[PDB]
2 protein chains.
Amino acid sequence: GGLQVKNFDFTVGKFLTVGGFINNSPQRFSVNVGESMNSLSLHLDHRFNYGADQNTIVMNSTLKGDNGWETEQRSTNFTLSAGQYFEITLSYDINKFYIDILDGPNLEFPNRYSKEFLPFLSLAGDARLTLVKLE
Amino acid sequence: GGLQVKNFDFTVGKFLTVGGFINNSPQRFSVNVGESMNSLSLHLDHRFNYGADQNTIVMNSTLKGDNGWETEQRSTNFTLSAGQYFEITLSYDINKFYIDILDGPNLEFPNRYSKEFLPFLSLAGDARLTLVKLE
């Protein structure tokens with residue numbers, strides 16, 4: 001399951017853009033990059049309506065999947081809308097990730113595990129991934 | 001090396017579009033889909049200037065990498081240019097692959113190994129992959 005795109009080496013200095021469509025009536029969706037679904041250097045969750053989190057961005061990482069979520073960083077500079085096309089561009093160096101949301105904020109999150117190569121990408125939740133661009 | 005895009009299941013009925021830039025002064029470049037670099041259901045080679053092949057499309061498959069190339073199918077309906085952006089959309093069913101080159105031909109090639117899922121994608125040669133879209 002998944003597609004291995006040989007040519008795409010998401011190393012320090014590359015810009016990975018993901019694009020797709022948010023569902024109508026979303027709860028939340030995330031962009032996840034790391035080594036596997038269990039070992040994520042960045043989980044970028046846009047929470048539309050998720051209990052106490054209403055239009056909040058939450059960023060975190062985990063080495064133990066769902067049971068290893070660490071210190072959350074949150075932003076209320078929420079610019080995405082239900083049912084719409086989105087694009088988020090990620091890049092990083094050994095110190096940090098730089099998150100450029102199209103027509104929205106620019107955020108930074110620590111590169112907590114000092115990664116210089118990230119082999120895995122997934123979108124989770126109420127959105128559909130349709131494009132991956134690497135430059 | 002490569003990026004695993006979890007969400008992209010290139011199954012029968014999906015449309016995979018690859019986009020990128022052809023090098024200046026190219027010899028040839030290919031789009032390759034299959035199970036690995038050694039086991040390819042489709043190798044779609046655009047040969048600009050490759051000895052006797054001058055602006056010829058060659059399509060083939062292999063189960064043994066470079067030593068298992070099978071019966072080539074060729075087309076001279078060559079529409080790509082050096083230095084330019086290209087996009088090719090692939091889809092398939094159990095019988096065949098359908099190759100839609102943007103502003104160029106529509107080609108078909110047999111699905112020789114009766115595949116219904118293709119886990120691997122690579123571009124090879126004188127071009128640079130910049131986008132992968134799955135719909």
# chains A, B, ... in the order shown; residues from 1 in each chain; ligands from 1

call {"tool": "calpha_fit_and_write", "arguments": {"fixed": "chain B", "moving": "chain A", "output": "short mmCIF file (atom, residue, chain, number, x, y, z; two decimals) with C-alpha atoms, in the first residue's frame"}}
result
data_model
loop_
_atom_site.label_atom_id
_atom_site.label_comp_id
_atom_site.auth_asym_id
_atom_site.auth_seq_id
_atom_site.Cartn_x
_atom_site.Cartn_y
_atom_site.Cartn_z
CA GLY A 1 16.29 6.65 -1.03
CA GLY A 2 12.90 7.58 -2.39
CA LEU A 3 9.75 8.67 -0.70
CA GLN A 4 7.01 6.30 0.37
CA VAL A 5 3.68 8.05 -0.14
CA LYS A 6 1.32 5.92 1.91
CA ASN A 7 -1.83 7.35 0.48
CA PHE A 8 -1.07 6.62 -3.11
CA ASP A 9 -2.32 3.16 -4.12
CA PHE A 10 -1.83 2.95 -7.82
CA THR A 11 -4.41 0.36 -8.51
CA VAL A 12 -6.49 -0.41 -11.55
CA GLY A 13 -8.72 2.63 -12.28
CA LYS A 14 -6.47 5.34 -10.73
CA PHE A 15 -4.75 7.97 -12.85
CA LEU A 16 -1.15 8.61 -11.97
CA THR A 17 0.31 11.75 -13.46
CA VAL A 18 4.04 12.39 -13.38
CA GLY A 19 5.41 15.82 -14.23
CA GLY A 20 8.86 17.27 -14.51
CA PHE A 21 11.45 18.81 -16.74
CA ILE A 22 13.42 17.26 -19.55
CA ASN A 23 17.12 18.21 -19.54
CA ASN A 24 18.65 20.39 -22.21
CA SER A 25 20.48 18.20 -24.73
CA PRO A 26 18.83 14.89 -23.66
CA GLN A 27 19.68 11.46 -24.87
CA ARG A 28 16.58 9.80 -23.36
CA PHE A 29 14.47 9.50 -20.25
CA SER A 30 12.03 6.93 -18.99
CA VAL A 31 9.06 6.59 -16.69
CA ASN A 32 9.13 3.20 -14.96
CA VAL A 33 6.36 1.57 -12.91
CA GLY A 34 6.38 -1.88 -11.39
CA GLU A 35 7.46 -3.65 -8.26
CA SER A 36 11.16 -2.52 -8.14
CA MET A 37 13.88 -1.24 -10.50
CA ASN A 38 14.27 -4.92 -11.56
CA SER A 39 10.69 -5.80 -12.07
CA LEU A 40 8.90 -3.29 -14.20
CA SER A 41 5.46 -3.68 -15.72
CA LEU A 42 6.09 -0.53 -17.87
CA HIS A 43 9.25 1.22 -19.01
CA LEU A 44 8.25 4.16 -21.21
CA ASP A 45 11.36 5.54 -22.80
CA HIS A 46 11.38 8.76 -24.80
CA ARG A 47 14.53 8.59 -26.92
CA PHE A 48 15.55 11.95 -28.27
CA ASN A 49 18.91 10.98 -29.72
CA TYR A 50 19.90 7.48 -28.87
CA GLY A 51 21.92 6.11 -31.75
CA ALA A 52 19.45 4.73 -34.32
CA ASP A 53 16.53 5.94 -32.25
CA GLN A 54 15.86 9.52 -32.93
CA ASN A 55 12.61 10.88 -31.43
CA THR A 56 11.16 7.49 -30.81
CA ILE A 57 9.09 6.23 -27.88
CA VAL A 58 10.04 2.70 -26.80
CA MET A 59 7.88 0.74 -24.31
CA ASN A 60 8.92 -2.53 -22.70
CA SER A 61 8.92 -4.51 -19.41
CA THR A 62 11.35 -6.75 -17.56
CA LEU A 63 11.33 -9.23 -14.73
CA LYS A 64 15.16 -9.35 -14.63
CA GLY A 65 16.17 -5.70 -14.70
CA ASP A 66 18.60 -4.87 -17.42
CA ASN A 67 18.94 -8.51 -18.50
CA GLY A 68 15.28 -9.31 -18.97
CA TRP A 69 14.04 -6.66 -21.41
CA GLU A 70 11.23 -8.23 -23.44
CA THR A 71 9.41 -7.34 -26.72
CA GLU A 72 9.66 -3.63 -27.40
CA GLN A 73 6.77 -1.63 -28.71
CA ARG A 74 7.72 1.64 -30.41
CA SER A 75 5.89 4.80 -31.48
CA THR A 76 7.23 7.69 -33.58
CA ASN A 77 4.47 10.00 -32.45
CA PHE A 78 6.99 11.97 -30.45
CA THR A 79 5.79 15.27 -29.06
CA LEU A 80 8.14 16.12 -26.15
CA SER A 81 10.96 18.68 -26.40
CA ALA A 82 14.32 19.17 -24.73
CA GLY A 83 14.35 21.56 -21.79
CA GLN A 84 10.56 21.50 -21.39
CA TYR A 85 8.03 20.65 -18.72
CA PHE A 86 6.16 17.40 -19.41
CA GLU A 87 3.28 15.47 -17.89
CA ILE A 88 2.33 11.89 -18.61
CA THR A 89 -0.76 10.21 -17.10
CA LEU A 90 -0.89 6.46 -16.66
CA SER A 91 -3.78 4.20 -15.80
CA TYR A 92 -4.34 0.49 -16.44
CA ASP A 93 -6.66 -2.41 -16.01
CA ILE A 94 -5.69 -6.15 -15.86
CA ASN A 95 -5.32 -6.19 -19.62
CA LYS A 96 -3.49 -2.97 -20.39
CA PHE A 97 -1.81 0.32 -19.61
CA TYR A 98 -3.16 3.58 -21.06
CA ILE A 99 -0.56 6.28 -21.49
CA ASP A 100 -1.80 9.80 -21.95
CA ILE A 101 0.99 12.24 -22.81
CA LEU A 102 -0.08 15.88 -22.31
CA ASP A 103 -0.34 17.56 -25.74
CA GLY A 104 0.77 14.33 -27.38
CA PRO A 105 -0.34 10.74 -28.08
CA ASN A 106 -2.44 8.29 -26.26
CA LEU A 107 -0.72 4.90 -26.24
CA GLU A 108 -1.58 1.44 -24.91
CA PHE A 109 0.80 -1.29 -23.87
CA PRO A 110 -0.14 -4.80 -22.54
CA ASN A 111 -0.28 -5.43 -18.78
CA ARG A 112 2.03 -8.38 -19.35
CA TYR A 113 2.15 -9.64 -15.77
CA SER A 114 -1.55 -9.13 -14.93
CA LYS A 115 -0.73 -6.68 -12.17
CA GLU A 116 -3.49 -4.90 -10.28
CA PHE A 117 -1.26 -2.93 -7.91
CA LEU A 118 2.07 -1.26 -8.72
CA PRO A 119 4.14 -0.22 -5.66
CA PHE A 120 7.08 1.51 -7.39
CA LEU A 121 7.72 4.50 -9.58
CA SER A 122 10.95 5.88 -10.97
CA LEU A 123 12.02 8.30 -13.64
CA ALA A 124 15.40 7.50 -15.19
CA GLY A 125 17.63 9.36 -17.60
CA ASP A 126 17.78 12.91 -18.72
CA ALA A 127 14.84 14.46 -16.95
CA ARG A 128 13.95 15.47 -13.38
CA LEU A 129 10.77 14.35 -11.67
CA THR A 130 9.11 17.19 -9.79
CA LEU A 131 5.45 16.06 -9.29
CA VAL A 132 3.34 13.01 -8.76
CA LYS A 133 -0.45 13.33 -8.79
CA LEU A 134 -2.88 10.46 -8.18
CA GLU A 135 -6.62 10.77 -8.87
#

call {"tool": "select_by_dssp", "arguments": {"residues": "chain B", "states": "strand (DSSP E)", "output": "ChimeraX atom specification"}}
result
/B:3-5,16-22,28-34,40-50,53-62,73-75,85-92,96-101,106-110,120-125,127-134
